[PDB]
Structures are given as C-alpha cells and as structure tokens.
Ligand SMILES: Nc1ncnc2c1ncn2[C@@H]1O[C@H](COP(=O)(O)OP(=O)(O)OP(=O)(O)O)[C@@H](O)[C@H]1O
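Only one chain is shown below, in structure tokens, and it's the form solved without this ligand.
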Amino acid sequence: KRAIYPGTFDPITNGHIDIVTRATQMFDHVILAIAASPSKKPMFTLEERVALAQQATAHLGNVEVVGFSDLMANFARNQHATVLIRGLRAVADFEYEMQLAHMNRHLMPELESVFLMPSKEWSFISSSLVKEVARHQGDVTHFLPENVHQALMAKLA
C-alpha cells in the first residue's frame, strides 16, 4: 500500500507532521510529495522545502519526501500510489476539498482520496496564516518544527 501526501509545504508545519505521522501508521509507505511549480511564488524554494521536510520527517522511516512538477495525479500514477492523503482541518474549505477529490478521481480512479484529521492543536492553523504572521513580526514558533523555525528566521531576516 503506497500512499501519497501532496502539497506545497511552504513551509512544512506541525500540522503537516501530525497528518503524515498518522498516515505512516495506516499505510506501508508514504510519499510526502512537494509541489515543484506553484503559481504563487513560494516563500521557500522547492529545494529548500524538500530539505526542510526531509529533516522534519527524518524520524519517520516509511516516509519519502519527493518533489514533483505538473499534475499531482500524473506523479501519483508514475509512483504507483493508490491512496491520496488529504488533511482536513476544522477550518478547511470543505467544498474545495470535494472539488479536488472528484477531479483527482476523474484523472486517476485507482487513487483513493482519504481524509485524515489533525489534532485539535493544529486544527485551526494554515501555512498561509503562519507565513503572514511571521512576515509581520508575529511569533509562530509553536506551529513549526525547530529546523523550520530556524530556517524561517533566516528567510525573513
């Protein structure tokens, strides 16, 4: 059972770690796929995001961090993934998640979308807000792995 957990992870947060950890307990191998070509230019580059994610999940043996470009479904297919991990926060855009799941099912029926729920601790935060806050002189240490915290300070300095 190969599962894929795609996203921009710009940067990876404790919420992401929470989700991927829960996934590794259900599936044999989990590919943490980092989107290589966003439309929004990232705060961190693909290479940086991959490095941060690799370090943050170094302790997770069955987790593989890999960057990818173009369509996520095409990458999942080539990686032979049959499970698509999606984190559902309390503040998630449910309607959007439904569009995404149905579109991905259309593109690759053999890839089953599964939604996991993070701890209440990370159920109300998003990478978008974390960056915004950090960029505006706010403390977001609590939401990030130590390595990501150190990298973010250098990035905003």
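Residues carry their position along the shown sequence, with the first being 1.
There is also a form solved in complex with this ligand; it is not shown, and the following applies to it.
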Closest heavy atom of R77 to this ligand in the entry with it bound, within 4.5 Å or not? no
Just checking whether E97 would be counted as a contact of this ligand in the entry with it bound - the rule being heavy atoms within 4.5 angstroms. yes
Do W122 and this ligand come within 4.5 Å of each other in the entry with it bound, heavy atoms counted? yes
Indicate whether this ligand has at least one heavy atom within 4.5 Å of a heavy atom of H29 in the entry with it bound. no
Whether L46, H149 and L152 jointly form a contact site for this ligand in the entry with it bound is the question; each needs a heavy atom within 4.5 Å. no
Could you list which residues of 108 to 139 come within 4.5 Å of this ligand in the entry with it bound, counting heavy atoms only? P118, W122, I125, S126, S127, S128, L129
